Structures are given as C-alpha cells and as structure tokens.
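Below you'll find the structure, written out as structure tokens, and then a few comments.
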Amino acid sequence: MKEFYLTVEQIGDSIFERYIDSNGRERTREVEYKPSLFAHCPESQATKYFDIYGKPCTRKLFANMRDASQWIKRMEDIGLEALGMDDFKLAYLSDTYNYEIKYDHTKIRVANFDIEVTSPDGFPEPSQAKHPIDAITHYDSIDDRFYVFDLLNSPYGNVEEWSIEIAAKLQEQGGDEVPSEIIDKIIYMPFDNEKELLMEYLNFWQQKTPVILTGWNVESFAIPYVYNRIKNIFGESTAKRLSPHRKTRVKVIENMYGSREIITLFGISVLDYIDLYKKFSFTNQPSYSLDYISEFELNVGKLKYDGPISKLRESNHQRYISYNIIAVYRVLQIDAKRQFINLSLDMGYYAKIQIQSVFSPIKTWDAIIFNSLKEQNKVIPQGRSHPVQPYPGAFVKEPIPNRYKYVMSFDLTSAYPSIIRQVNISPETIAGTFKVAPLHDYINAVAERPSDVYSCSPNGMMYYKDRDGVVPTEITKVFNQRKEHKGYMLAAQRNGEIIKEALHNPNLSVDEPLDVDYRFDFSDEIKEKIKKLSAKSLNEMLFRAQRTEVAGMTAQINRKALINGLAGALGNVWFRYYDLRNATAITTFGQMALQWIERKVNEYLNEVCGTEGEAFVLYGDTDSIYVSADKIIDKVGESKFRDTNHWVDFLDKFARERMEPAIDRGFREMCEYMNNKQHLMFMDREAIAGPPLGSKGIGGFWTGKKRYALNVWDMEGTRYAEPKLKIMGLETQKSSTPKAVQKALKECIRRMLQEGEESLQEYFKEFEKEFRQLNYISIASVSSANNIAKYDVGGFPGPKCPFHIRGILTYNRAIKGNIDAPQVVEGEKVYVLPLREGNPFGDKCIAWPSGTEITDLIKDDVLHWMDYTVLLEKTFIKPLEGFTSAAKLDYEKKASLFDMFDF
DNA sequence: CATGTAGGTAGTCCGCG
DNA sequence: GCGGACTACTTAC
Ligand SMILES: [Ca+2]
Ligand SMILES: [Ca+2]
Ligand SMILES: [Ca+2]
Ligand SMILES: [Ca+2]
Ligand SMILES: [Ca+2]
Ligand SMILES: [Ca+2]
C-alpha cells in the first residue's frame, strides 16, 4: 500500500512522525529535518523558484529548524521578506508525502474513552486531581473492544466486581440494559488499588497508543485529570508516558477562583467530540451534556439513577460501571450517525495537516494552498501583521412586514466561492484597479463598463482572465466534492419521501428491506417493489435513507463551510493571503448581483404578466430572492387547480422553464458587464410555498429582515409527502427560547400558515389555559453564562448586570455552603426562570446549569415561586404578538358589536 | 495561537412636571 | 411605564 502519516510533531530540531508503512504496519521515526526558506534575489540569478508574483527567489537550505527560525528573525531585523512555509512540519509532510494521500482508516487507532471520579467535596478539578480515578472505559477501534478498568477499593468505598450478566438485563428487570451488540466486545479488568489500575492503564496505552483520541469533554476533563492524577501519584515523567514521544505542554487557563488547564500530548491528535459536534453539526443546543445530545441525536433515554453522582459508586457500583461503558458507546453511536471522525480524517489528509488542525480553516487553507503552489515550484509569501479593520458584507433587503400567500424563493449555488471563480479573485491574479461608480449605477447598468480587458468586481478591483489563480483553482476542487455529496444527500432525501408516501398503504406481508444505494434516486423497478413492502420493511428503509441523508449532509455542509471559510479568511488578519481588496471584491460583487437580479426578475415578471412597475421580489438576503407568486396564480385563477400539488407543479414548472432561464440571461449580461472570466451565477429555485388549496392558511409571513415563516411543499426538488415549515430567525429557531414554547409557537405558526386565524385562536386559548401545568425545565429560558465574575459584587449584581447573570448570582447565594450543588461554569449554558416578588431567594430570577434538574434543596422553592405570568408574557405572548401583527391577524378574538348577542 | 459581516430582540440605564 | 441609547446574545447569510 501507499504510506501515509498518522501524526507529526516538531520538537527542537527533530520532526517526530508516526506513520503507516508500505506493509500497513504502524511505525515511528525521528527526523532531523532540514528545512528551506526563500528570499528575493536579482533577475540575473537563474533559479527554479519564483514567488507567486513571478519574482525570482533563491532557496536557503538550513542545517536545522532552529537556524531557519533564527534567520526569519534576522531578516525581520534587516527589513526583508522571508518567504516559504514557516510551519516546518507542514513542509515535512509536503516533502514526505508528495502525492495525493490515500489513507486506510482501519490502520488508524481511534480511541474513545471516559473516566469516573467519585468526589464527595464538589466537582473533581483536573488541575488538582486530588481524588481517585475509580473507572475508565476505553474503546479501541482496531480491536473493536471496550477495555474497562474498575477500581474495587477506594477511600470512598470498597465494592464488588461488576456483573456483565446483570448489565445485559433489561432495566425493568433490575439490569443496566448495556446494549446487546457490545456485551461480547467488553474486556473487564477489576483492580484492588488505584496504582495498579493506573500502571496497567499506562502499559495498555503503550501497546495501544491512540492516534486519534476522542470522547465527550476529554480535553477539559478526562485527559487533564488522568495526566495530573498519574503525575501526583507517580511523578511527571510517568505522566509523560501518555505521549508516545514523552513530551507534553500544560496550558493553564486563568479561570479565577479557581483555575483549569489543557494538556497537549505530543504525538496524539485529540479531537474532543464536543468540539467536533459544535463545529460540524450546525445545531445550537441549549445543553451539551452527553445525555441531552445522545437523546437529541439517537432518541435514547437519559441514563437514570437514584441519588447524586458522588454516591452512585457506593450505593450502586453495578450501575456506575455500566453507565461508564454506555457513555463511551453513545459517542460511538453519535459518530456512526454523524461521521465527524471520517470527515476529520478526509479533510486532514486532503490538506496535509495535523488532523486536529481541521478545527482551523486558516491552517487548513494555508496547507492546501502551500502544497498547490509548491507543486509548481512557486514560493509562498511571508505572513504579515495587519491591524483589524471592519469591512462591508452582504446586502439584505427591507421587507414590508406582512402575510405573503404564494412565494417562490431562489438563491445562488455556493455564492461566494462561485464569485471567486467567476471573477478570478486570488492574491496573484490582481491586474489593477478602475475608478468606481456608485453601486446603484452598476445595479442599474448606467455606470461605464469597468474594463474590456480584465475581469472586475464593483469594488474597483480588476483581475487577469487568461490565467488561473490558486484560490479559484483550489476552491473549485473542494466545491466539486461538496457538489457530489449534496447530490447524494438530496437523492436520499427524495428517496425518503417516496418511502413515506408508500407508508400510507403498507402491505400485510413478511418481507425484507430492499438492498439499495440510497445515494441515487430509486429506479422505477425499486419504486414498484416498495409499493408492495410491509410497514416493518418500509420503516427500516426510511431509517437507512435518513442515515444516508445525514451522512451526505455532514460531508456536503462542512465542505461548504470550508470554501465559504476561504472567502472569510481573506478578511482575517492572520491569514497569509489576507487582503481586503479581495474580501470586498467578493462581498461587493454579491451585493450587486442580488440587486441586479432583483431588478431583472421584476422586469421579467411584469412583462409576462402584462403589467408594469409591480414589485414581485419581496425580500432577499445576500444571494437569495423571495418572489411573491400571487399574480402568477391569479393570472390563471385558483379555480383551475385540482389540488395543492397541481398549483405546486405549475409553479415548479414556471420557475424551471420560464424564470430560471430569464435569471440566467440576466446574470450572463452582468458577467459581460464585469467582463468576468466565467459565468457561474446559478440561481436555482429553493422553495415553493403557499397555503393548502381551499384552506384559510396565509401561506407565509415576514416580520422583518431575517425573520419569516413559509409553508413549503417543494424544497430544492424534494416534493414533500407532507408540507414542511421553513422558519428563519423567529423564536422557534432560537436556543434561548424555552423548549415547550418553541413547540407551541411553531404550532401557532403552522396553524396560521395552513389553517387560518380561527385555528390559531383555538390553540392559543388552550395553551394559555394549560401553560402552568408544563414541566419547569420545558418552560425555562436558556442563556450562555459569560463574564459572571465581572458583575459579581459580594455575591450580588453589579451595575448593568444581565438578567441571566443575575439569576446565576441568585443561585450561588442559595447554594452557598452546600457542597453537592453543581457550580455554574463560566461560558456554559444555563436555564433561567423569573421569580415572583417576595421569594426567599431575594431576587427577580434564578439560573442553573442547563441539561440538568435544579438541585433538590432549592428545587421545591423554585417551583413554588416561579413567575408563570412573566414567563408566558415574555417567552410566548410577546413573540406571538410580533408574528400576528406582522401577518395582520389576531391570536385573541377582538371585542366587537357582536359581543352584544348570545352565540 | 487565528473564516467573514448583517441584523433582530430584549436586557439595563436613564429621562420624564 | 414607556421608549430611546447602548449592548449581550444569537442567528441568517
Ligand atoms: Ca460519568
Ligand atoms: Ca446560496
Ligand atoms: Ca440551491
Ligand atoms: Ca403498498
Ligand atoms: Ca442563501
Ligand atoms: Ca427550599
């Protein structure tokens, strides 16, 4: 096989690399790497190295990496550019793997682990590590085994061995319900003292040294706890055995009363699954406990146990250990679904970076671009210092707040990257400037044509047309991968709707799910077979299709994020190719594009409807337009339609066969105007929205910029079995909004859009009557606990103290002295409830760590003093008032002359 | 050590015979 | 109590 790296580190003048050799064996090696950097030299000097602007360079080959670094400083002091890759391990990877890396994940040791630490005196701080580690579960991907390390004897209790037999039993039979598919994969190892456990864990670690290390919160808890605990018991050099190169760095972040730390283990790539999840999932959760996320992702129940976690080992060691095992498995289950490790490996090896550097788009792109330029013997520029400077972004249209009955939306495929490719925006493709007119003059095609030689953006920049830029070149590659995967995702989505339609008429038979590839639209033959399948087989197929869609979503959305990240990095001062001329060339072009195409669409629709000056585009944001299709429907007359699907078909066809071609013509004209390199503004129909035919539903509404709701029947070619709400910005989409209020607001919206005012009023009335019976957590608001200390004046709120921070302070006073109450952690999420006047907490609100029940000591009083009236008013009624006044209807029947009668 | 800007809601403060 | 500045939190792109 082809060789590929696992990890790379620079330590002094040595590169330390772990890799897979040609026989698929894991190897390690130390290399005294001899780096090169470069300097401009005179034209006369014949060379094979040129900078990206074609200026000749001379290679400086160094004896060691220290000399290279030293040289960079001397050049800085002289005042001359020091070119080349200054992150030497990227150069090493580039020299060592001068080819497209094909890696085999089965050779990569991916470790997933989690530890337990009984602590009777509060949270067990990793920096102090003063309590025994009494359980570790460590899953190894190469062995496919869960290695369980169980402490039987501790100063907090001596316990019996854990029973795998009881673990496998159903919880309703007193077992722990450890999933049956991992029972045979568990290797259980009890220990009579902690030192032997830890010694054996280290020996185990040596034999099975993680390459990728993950788990839930491992970076902020498990890893620093294990490191510091081993350090305190055996000494630091023993602790350093967690690094295959025996080197670590201890990052101490000053949390103030007290503190915590991150440990860097050289030769390992730590990918904390919480960080992967936050970067790659595109969710905004109110809690990030493993219980919450597992139930969200997997629909599995919360791990239930009686009493506090500090007493679980002593009271029920059996359950303690099972839950340690299960917690580790749940991360594997989430990853089986989401495939973030696979994505990390894909992206890492594509870029030729340390795998943990996928968290940094700047590092990722720096490596991609360096490797691309190196292949052509070109030399990358020195990184420079720049002051932070705000710059303009997208255009968002001010909508008229209203109900909007029939709406069709369109937007640009991969807008900013397409702009980069169309205009040819790169550091080395800049050809000059032109004198800019006001943007509106370009939008209305009255400004002079910027150039008939170069490709232009309305920010004043000109670019070469006849040569490739490294930015366009490399952004196109990732874009094309993105496009591939989104096709797979959308096919699986369409495939899923077919299955949902068939589930309306399941067959009474015993059969199996069809063996199909869900990434491709089902053939007619497959669809015929599906119409005869049973419910059981159909439901299994739907699950598989949805998993295929999620996998495709992970792959496409994050490659989208990567290329959009390249456009943004051009406006980040730490990016090697930072340049506001290029950043603003993109955003300014985008502003012109949206407003140009608004004009063109209004012109076109007026023409075909035989009218003049009517406004068809009602809204747009960055690269999208929203078109009122009311006059389109009225032209033919609603009477002509047989059902909802018929008018949907009609608008679908109208957009495809009439509008999109008019849009393409409009954009081709814009392209000629800017004399761009390549026409790539492809604005395809997104949503088709309206009320069901014959209903009193309003179809949709806008309250303002970035705030609207649409009843959608077709989305990017997916014709839904059941209409789906597209809601943006409204309170239903906000993690700060209480969970049950999101639900109730969404149902208010559904009724408004699908059923009408009377339906809304009926629901509003019921919810108002039943509000007070909802579970307290379900109606608590959520917020992030930032800068708590800043407003903490003697345990009381300082000036300008935010509401949520005030609630945290109230909480801290209420739990003072109580050692079991969980502390609010700086930066983390909290539930928040308002409190009636005169409450025993002595303030207007309370807040506690999210994803948890509030400690039993104060829970009773919180429940007793909750202010339901404030809560209903602020979280539900006030947002609903916004929706309904915008839509021009009432959530409560207004008084009128009719009130005089008895109906 | 290092993607971007645009934009709405709701909080505190402060003015207000 | 209500409604402007000033701003934290948060989401749409
Ligand atoms: Ca635990
Ligand atoms: Ca788009
Ligand atoms: Ca699209
Ligand atoms: Ca059937
Ligand atoms: Ca868009
Ligand atoms: Ca109490």
Side-chain angles (χ1 to χ4, degrees), chain A residues 87 249 251 253 262 264 279 282-286 356-366 383 385-386 388-399 401 409 411-412 414-417 475 558 560-580 582-584 586-588 590-591 594 619-624 686 702-708 726-737 781-787 790-791 797-807 827 829-830 832 834 844-845 870 873-875 878-879 881-882 886:
Chain A
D87 185 340
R249 175 191 291 103
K251 165 58 87 292
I253 195 72
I262 290 77
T264 301
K279 182 163 175 57
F282 291 81
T283 64
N284 288 315
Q285 304 289 7
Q356 65 268 36
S357 294
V358 297
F359 290 119
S360 171
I362 279 172
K363 178 63 64 173
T364 300
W365 282 113
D366 198 42
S385 190
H386 314 272
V388 178
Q389 165 74 75
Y391 67 93
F395 175 77
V396 188
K397 191 190 162 66
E398 190 71 66
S409 62
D411 74 281
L412 294 175
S414 194
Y416 281 18
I475 205 173
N558 290 291
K560 158 176 167 177
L562 186 53
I563 60 184
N564 286 348
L566 178 50
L570 291 165
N572 178 290
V573 298
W574 303 102
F575 191 45
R576 189 184 305 278
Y577 311 97
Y578 172 76
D579 196 331
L580 263 33
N582 288 344
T584 64
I586 297 164
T587 60
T588 313
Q591 288 204 14
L594 175 43
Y619 182 63
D621 183 344
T622 308
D623 69 330
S624 65
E686 180 213 24
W702 265 257
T703 73
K705 290 174 177 186
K706 295 168 192 286
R707 286 182 67 94
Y708 63 91
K726 187 194 181 195
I727 302 164
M728 296 310 305
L730 305 190
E731 277 62 28
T732 55
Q733 311 313 107
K734 291 158 118 169
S735 70
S736 52
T737 297
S781 297
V782 181
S783 194
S784 295
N786 296 312
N787 306 309
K790 181 174 170 164
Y791 303 96
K800 294 185 161 197
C801 177
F803 190 82
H804 62 285
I805 304 300
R806 173 182 302 266
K829 289 279 177 73
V830 295
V832 187
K844 57 178 183 163
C845 62
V870 166
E873 254 290 337
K874 273 166 26 171
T875 63
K878 199 168 181 189
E881 164 58 31

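Excluded from the calculations below are hydrogen atoms, water molecules and symmetry mates; all remaining heavy atoms, backbone and side chain alike, are included. Just so we're on the same page: letters track the sequence lines, and every chain starts at 1.
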Please report, rounded to the nearest Å, how far the [atom2] atom of [N] is from the [atom1] atom of [X].
X	N	atom1	atom2	result
A:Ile805	B:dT12	CD1	P	12 Å
A:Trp702	B:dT9	CH2	P	16 Å
A:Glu686	C:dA12	CD	P	13 Å

Can you check whether [X] has a side-chain N or O nearer than 4.0 Å to OP1 or OP2 of [N]?
X	N	answer
A:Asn786	C:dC9	yes
A:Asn564	B:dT3	no
A:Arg707	B:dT9	yes
A:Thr622	B:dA6	no
A:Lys706	B:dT9	no
A:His804	C:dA8	no
A:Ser360	B:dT3	yes

Using a 4.5 Å cut-off on heavy atoms from C-beta on, say whether the side chain of [Y] contacts that of [X].
X	Y	answer
A:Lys363	A:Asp87	yes
A:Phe575	A:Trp365	yes
A:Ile805	A:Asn787	no
A:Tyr416	A:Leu566	no

Worksheet entry | Check ion pair A:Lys734-A:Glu731 (N to O, under 4.0 angstrom) |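 Yes, charged N to carboxylate O under 4.0 Å.
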
Which nucleotide in the list [options] gets nearest to the side chain of [X]?
X	options	result
A:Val396	B:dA10, B:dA6, C:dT10	B:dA6
A:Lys705	B:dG4, B:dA6, B:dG8	B:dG8
A:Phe803	B:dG11, B:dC1, B:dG8	B:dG11
A:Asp621	C:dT10, B:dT3, C:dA12	C:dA12
A:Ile362	B:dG8, B:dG11, B:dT3	B:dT3
A:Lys363	B:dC1, B:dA10, C:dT10	B:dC1
A:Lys800	C:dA12, B:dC13, B:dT9	B:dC13

Contact class for [X] (heavy atom, under 4.0 Å): base, sugar-phosphate, or nothing?
X	value
A:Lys844	sugar-phosphate
A:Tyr391	sugar-phosphate
A:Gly729	sugar-phosphate
A:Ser735	sugar-phosphate
A:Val832	nothing
A:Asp411	nothing
A:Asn284	sugar-phosphate

Item to complete: Using the six-membered ring of A:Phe282, assess whether NZ or CZ of A:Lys560 lies under 6.0 Å from its centre and within 45 degrees of the ring axis.
Response: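 No, A:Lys560 does not sit over the ring of A:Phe282.
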
Discussion item. Quick check, does A:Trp574 stack with B:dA2? I mean ring centres under 5.5 Å and planes off by under 30°.
Written reply: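 Base of B:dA2: stacked against A:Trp574.
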
Fill in: Separation between the P atoms of B:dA2 and C:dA12, rounded to whole Å
27 Å

Fill in: P spacing across the pair B:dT12 / C:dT10, given as an integer number of angstrom
15 Å

Worksheet item: Starting at the 5' end of DNA chain B and moving along, which residue's nearest nucleotide shows up first, A:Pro879 or A:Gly393?
Response: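 Final value for this comparison: A:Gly393.
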
Worksheet, complete the sentence: B:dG4: pucker by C1'-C2'-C3'-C4' torsion sign, positive meaning north and negative south, is north

Discussion item. Tell me if a side-chain donor or acceptor on A:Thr875 pairs with a main-chain N or O of A:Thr737 at a distance below 3.5 Å.
Written reply: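 Side chain of A:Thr875 to backbone of A:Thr737: no pair is present.
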
